[PDB]
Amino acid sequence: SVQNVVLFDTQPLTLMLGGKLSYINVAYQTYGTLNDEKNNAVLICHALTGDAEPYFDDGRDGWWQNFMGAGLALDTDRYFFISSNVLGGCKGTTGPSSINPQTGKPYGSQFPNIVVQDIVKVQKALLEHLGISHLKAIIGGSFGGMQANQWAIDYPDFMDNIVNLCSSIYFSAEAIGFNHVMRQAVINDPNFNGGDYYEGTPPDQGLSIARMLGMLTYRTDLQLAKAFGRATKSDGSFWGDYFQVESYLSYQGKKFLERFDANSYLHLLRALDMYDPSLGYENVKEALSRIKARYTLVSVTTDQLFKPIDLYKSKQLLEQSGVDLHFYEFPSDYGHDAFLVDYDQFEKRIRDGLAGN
């Protein structure tokens, strides 16, 4: 039961890469109870395909369901959580599928290019609307960790703690490569129509293929060996699903189409791979030297997307700027998805991160 507010109505959002957006709807949810001191507020930043709803109490499973709730690491008895769909998203916050106020048709190909710096400005405006003037913590994994990192730079005294799970401050060359293949799969779909597909058939073939590729970067080869190995589908096909792992990828690629928009996927992939914490500052050292928060950074050693090399490059850059840094690492079969799955290994890191330990 997502909440909504229209912002940037009387003054547009000026985007880092140029051009502007007006009448930005922000979809968001809150959980728990803000205390009298108002000192227990936590911002949750979602990952690439996440949305405003990490948790439900009524029987549904949110994207962080088993990590969140009464007495759990994301403790709804303790904190007041705010979670919002990013600018450029497709689950309520203004994105390329939204109606362009200037045309009455979806933005589509006309949606401006956005970066994490824009996304966090929208989140700041939301918190201003909600009357939250300081945060106990900001927490996010993956693309959400980049949002948390950017918050730490842009609003250095606004939060006590930053909890960055499984992200680096720069995306690797190889990871850019995967994003590139995913974008090209979408854009070369015969129904893409340059991004203006909303009045016709959507680019389902390309988006489902892109999603399958993304999924192959999110866990580990060991996890897939355990789940499927070389099990075969009973009546498979050579040019379709023959192995069980192929069946699973095809099923999940198709299921993804029910919940995501191709243009949003393109815009957020580019925000992710373009992310540069130095943008708007003299250089990265100057940007990171702004950070005053207690900063927790967690590396999964088996992550195949944000690999240890990237996490260590980030660790070094943060240390070089004198960040109050607390770095932790461990292996997980779940690789990049571990921050969403491996509660046993993340529980203490999250609990301690939020609390200032």
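Residue indices: 1-based, along the sequence shown.
request  = Output the stretch having the higher mean C-alpha B factor in the entry; the candidates are 330-338 and 345-353.
outcome  = Going by the record's values, the stretch with the higher mean is 345-353.
task = Please work out which of 78-86 and 170-178 has the higher mean CA B-factor as recorded in the PDB entry.
result = Result of the comparison: 78-86.
task = Sort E246, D273, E199, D261 by C-alpha B-factor from the entry and give me just the highest.
result = Comparing C-alpha B-factors across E246, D273, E199, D261, the maximum falls on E199.
key: Maximum C-alpha temperature factor, selected from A152, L222, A73, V186   = The record points to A73.
inquiry  = For the chain shown, is the CA B-factor of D303 in the lowest, middle or highest third of its modelled residues?
reply    = Tercile = lowest for this residue's CA B-factor.
message = By the recorded C-alpha temperature factor, relative to the other modelled residues in its chain, which third is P190 in?
response = Ranked within chain, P190 CA B lands in the highest tercile.
query = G141: which third of its chain by C-alpha temperature factor?
reply = Bottom third by C-alpha B-factor.
query = Sorting the chain's CA B-factors, does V284 end up in the lowest, middle or highest third?
reply = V284: CA B-factor falls in the highest third of its chain.
task = Could you say whether, by C-alpha temperature factor, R230 belongs to the lowest, middle or highest third of its chain?
result = Ranked within chain, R230 CA B lands in the middle tercile.
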